[PDB]
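> Input: one structure, supplied below.
Because the Cβ atoms are built from the backbone with ideal geometry, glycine has one as well, and the counts that use them run over all protein chains shown. Just so you know, all these numbers are worked out from the coordinates, no wet-lab data involved.
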Ligand code: NA
Ligand code: NA
Ligand code: NA
């Protein structure tokens, strides 16, 4: 059972640096090359570099030279990649991966043989500042209120960074819940909506509450969504 | 970067091939091409290495070849579950690796659907906070390509519009949403606002009005 354990999601301002760690387990850390790669929107898979954990010798992609540094602490079996002068181009998911076995007899540093992958580290580069959402009710129609079914929801507005999660009635209500992926607005803030379809015969008696969790700002709001 | 076609399509059971074109310095140089399959939400998966070899556990429906400066991944017995992004990587000269832009595989023949559109007016509470957002939620459409236009009364409105790219739902149709931001005075001073959603076969329009 090999597992590559990476550090958690990071949010950075343009111009800042980020350092991601990777602690591989399930094999001997100094026996295999470590590579760093990323998946960035509209750029595909990009190779940052390789590091030999035995010697600390590294090589960087030519488009990363001068702004990425790879190091390791063998005493804790941990690899690090630091990327400097971040811009929106650097918003991506970064992966530590295992590469070829390290031999004294031949150079396999550049074998693109990535058997095992870390869980990925999201870095988001933005000038936006952390902010909890405003939560507004999306009331069911005056018209759908008549037996049958009605759609109602919560508008989770102007928050940063991702993610927010939404449940309904503390997770007691799951059937017919659709939470939409957030939109990233021109302000750099996100908004999303979550809607649930309920029998319209139920509106007014049965209480509907959307539970919005925005952990990055340490806020939760439980918002009642009522007719009218 | 190595160049891959952005999109490849096939019907179930059929064979498709994904190309990966480099130069004499990378792909054509050595037999060091690998392929990775990426289902978003999961880490990419090792499929092929050294041009044509299989890692343990990988289905032999995927096969790899190389001619000149171009590597190819071939997928046989094509299944809907093969829908993914596929990336090639190669030794890139000077002890480096170079990777491709990726190729999205689409499996043809999947159930199509018109978008369902739900449009909410600004809430009383938001107005009372001196703000106004119209919310247009769009779901169940396939294929996953839609254009969303807003109108104030009967005329196009572009200012204050934010629209998401479509994203796949659990049932393999798509969902998107669009938001129109107004001042409360703008909301109240108009006859109506509409969200109109054009899909390949139809346009669906929903309208709301401050006079409710
Ligand atoms: Na090569
Ligand atoms: Na659907
Ligand atoms: Na109104």
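> In whole percent, what relative contact order does the stretch A:1-127 give with Cα contacts below 8 Å and a gap of six or more residues? Intermediate values should be presented prior to the final figure.
Details: 313 pairs, mean separation 44.6, N = 127.
Reported as a whole number, the value is 35 percent.
> Something else now. How compact and how long is the stretch B:1-128, expressed as Rg and Dmax of its alpha-carbon atoms in Å?
19.4, 67
> A further question follows. How many angstrom separate the Cα center of the stretch A:34-99 from the Cα center of the stretch B:187-203?
46
> With 33 Å as the cut-off, how large is the P(r) tail for the protein assembly as shown, expressed as percent of Cα-Cα pairs?
Across the protein assembly as shown, Cα pairs with separations above 33 Å total 46 percent.
> Right, another one. Along each principal axis of its Cα atoms, how long is the stretch A:1-127 end to end? Whole angstroms, biggest number first, please.
The principal-axis extents, from largest down, are 47, 28, 25 Å.
> Which residue, B:139, B:94, B:11, has the most motion in a Gaussian network model of chain B that connects Cα atoms within less than 10 Å?
It is B:94.
> Ranked highest first by average number of other Cβ atoms within 10 Å, how do B:60-67, B:96-103 line up?
On the way: B:60-67: 15.6, B:96-103: 23.9.
Packing proxy ranking, top to bottom: B:96-103, B:60-67.
> Considering every residue in B:146-156, what mean count of other chain Cβ atoms within 10 Å of its Cβ is obtained? Display every interim value, and only then the final one.
Numbers: counts 0, 0, 0, 0, 0, 0, 0, 0, 0, 0, 0.
That works out to 0 on average.
> Turning to a different aspect of this structure: What's the average, rounded to a whole number, of partner chain beta-carbon atoms within 10 Å of each residue's beta-carbon in A:40-46?
Numbers: counts 0, 1, 2, 4, 13, 17, 5.
Across the residues of A:40-46, the mean count of other-chain Cβ atoms within 10 Å is 6.
> How high is the relative contact order of the stretch B:110-210, in percent, counting Cα pairs under 8 Å that sit 6 or more residues apart?
On the way: 225 pairs, mean separation 33.5, N = 101.
Normalised by residue count, the contact order of the stretch B:110-210 is 33 percent.
> Quick check: the distance between the Cα centres of the stretch A:181-228 and the stretch B:77-122, to the nearest angstrom?
The stretch A:181-228 and the stretch B:77-122 have Cα centres spaced 30 Å from each other.
> Principal axes first, then extents: for the Cα atoms of the stretch B:110-210, list largest minus smallest coordinate on each axis, whole Å, largest first.
Largest to smallest, the principal-axis extents are 45, 26, 18 Å.
> As a test of the formula, what do you get for chain B when each DSSP H run with n ≥ 4 contributes -39,500 (n - 2.57) and the sum is divided by the residue count, at 222 nm and rounded to the nearest 500 deg cm²/dmol?
Working: 2 runs with 11 residues, N = 212.
Calculated mean residue ellipticity at 222 nm is -1000 deg cm²/dmol.
> Here is a further query. How long are the semi-axes of the equivalent ellipsoid of the stretch A:126-226, defined as square roots of 5 times the Cα gyration tensor eigenvalues? Whole Å, largest first. Don't jump to the answer; show the numbers that get you there.
Numbers: eigenvalues 148, 34, 20 Å².
For the stretch A:126-226, the semi-axes come out at 27, 13, 10 Å.
> Can you compute the radius of gyration and Dmax for chain A, using only the Cα atoms, both in Å?
Values for chain A (Cα only, Rg and Dmax): 23.4, 79 Å.
> So if the hydrodynamic radius of the stretch B:43-86 is defined as the Kirkwood radius over C-alpha pairs, what does Stokes-Einstein give as its diffusion coefficient at 37 °C and 0.692 mPa s, in µm² per second?
Values: Rh = 11.4 Å.
After rounding, the answer is 289 µm²/s.
> Further, regarding this structure: Quick one: go through the stretch B:171-212 and flag any residue whose amide nitrogen is under 11 Å from the point 7 Å out along the Cα-to-Cβ line of residue A:142.
The answer is B:209-212.
> Defining a contact as two alpha carbons under 8 Å apart and six or more residues distant in sequence, what relative contact order in percent does chain B show? Could you put the intermediate results ahead of the total?
Working: 493 pairs, mean separation 38.1, N = 212.
Relative CO of chain B lands at 18 percent.
> Sticking with the crude label model, points 7 Å out along Cα→Cβ, report the distance from residue B:168 to residue A:130 in nm, one decimal please.
Result: 3.4 nm between the two label points.
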